[PDB]
Amino acid sequence: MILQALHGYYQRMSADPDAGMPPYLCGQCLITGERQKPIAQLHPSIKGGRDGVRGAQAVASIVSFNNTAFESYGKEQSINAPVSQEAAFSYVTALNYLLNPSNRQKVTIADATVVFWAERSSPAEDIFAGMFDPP
RNA sequence: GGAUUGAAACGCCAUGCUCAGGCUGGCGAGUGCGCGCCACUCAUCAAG
């Protein structure tokens with residue numbers, strides 16, 4: 001799932017008037033499964049550093065095909081991972097929102113930074129921060 | 001015999017724990033303490 005779950009999280013948070021943000025060839029999107037949608041050539045970047053993934057570059061990303069060895073079936077750049085532009089923006093925005101330390105849904109474990117959330121509003125979201133790292 | 005988001009893909013090159021430093025200086029097992037008090041080898045049996 002993963003990318004689809006971030007998309008669903010954006011859908012959930014974007015509905016609320018607060019604690020979120022509403023901002024907005026053809027193919028089939030692998031995130032939503034919708035057919036005939038404008039595929040994205042290049043996904044918006046994901047924050048690195050203090051407000052993002054610790055140890056990564058400021059403009060890190062999840063989907064990238066910057067070298068030829070990573071390209072298959074004659075596809076160029078992110079066309080190798082066909083996802084509609086709106087879905088790409090939504091999942092990137094959700095991941096960035098979770099990566100913001102101001103929101104209490106982030107924890108760093110050695111090399112990796114862990115972000116967690118629930119399918120619906122629940123007190124577990126603010127509780128689990130202590131489970132993985134008790135005070 | 002066209003296609004297993006496949007086909008190809010080193011964590012890899014190299015790096016003294018070393019230089020050294022008494023467990024030593026010295027301290028009676030010692031002062032003393034009967035194996036000793038008694039007790040028949042003895043009552044017999046030619047030499048051939």
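Below, read A as the first sequence line, B as the second, and so on, with proteins coming before strands; counting in each chain starts at 1. Just so you know, these numbers use all the heavy atoms, side chains as well, and skip hydrogens, waters and symmetry mates.
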Would you say the side-chain atoms of [X] pair up with the backbone N or O of [Y], donor to acceptor, closer than 3.5 Å?
X	Y	answer
A/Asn103	A/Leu98	no
A/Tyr97	A/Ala19	yes
A/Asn67	A/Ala69	no
A/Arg12	A/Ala118	yes

Can you give me every donor-acceptor pair (side chain of residues 87-95 of chain A, partner residue at least two apart or in another chain, under 3.5 Å) with its distance?
from, atom 1, to, atom 2, distance (Å)
A/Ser90, OG, A/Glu86, O, 3.4
A/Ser90, OG, A/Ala87, O, 2.6
A/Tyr91, OH, A/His43, ND1, 3.3
A/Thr93, OG1, A/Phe89, O, 2.8

Between B/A46 and B/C45, is the stacking condition met, i.e. ring centres under 5.5 Å and planes under 30 degrees? no

Stacking of B/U15 on B/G16, centroid gap under 5.5 Å, tilt under 30°: no

Provide the distance between the two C1' atoms, one in B/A7 and one in B/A3, to the nearest whole Å.
10 Å

- Using the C1' atoms only, state how far B/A43 lies from B/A47, rounded to an integer number of Å. 25 Å

Syn or anti: how is [N] classified when any glycosidic angle within 90° of 0 counts as syn?
N	value
B/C27	anti
B/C13	anti
B/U15	anti
B/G16	anti
B/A43	syn

Residues pairing under ring-ring contact (aromatic ring centres under 6.0 Å, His included) where one sits in residues 111-131 of chain A, two or more places apart or in two chains, turn out to be A/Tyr9-A/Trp117, A/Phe116-A/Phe132, A/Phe128-A/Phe132

Under a side-chain separation threshold of 4.5 Å, the hydrophobic residues clustered together with A/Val59 are none

In B/S/- notation (B base, S sugar-phosphate only, - none; protein heavy atoms under 4.0 Å), nucleotides 3-9 of chain B written 5' to 3' is S-BBBB-

* To do: Start with the C-alpha distance between A/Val115 and A/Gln105, add both sets of side-chain angles, then the distance that settles side chain to side chain contact (heavy atoms under 4.5 Å, CB included), and finish with yes or no.
  => CA-CA 6 Å; A/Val115 300; A/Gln105 292 182 116; 6.0 Å; no

Here the salt bridge (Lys or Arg N to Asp or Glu O under 4.0 Å) pairs for residues 106-122 of chain A, sequence neighbours left out, are none

With both pairing distances under 3.5 angstrom for Watson-Crick or G-U wobble, and | for a partner in another strand, the correct string for RNA chain B is ................................................

Using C1'-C2'-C3'-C4' (north if positive, south if negative), B/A43 puckers north

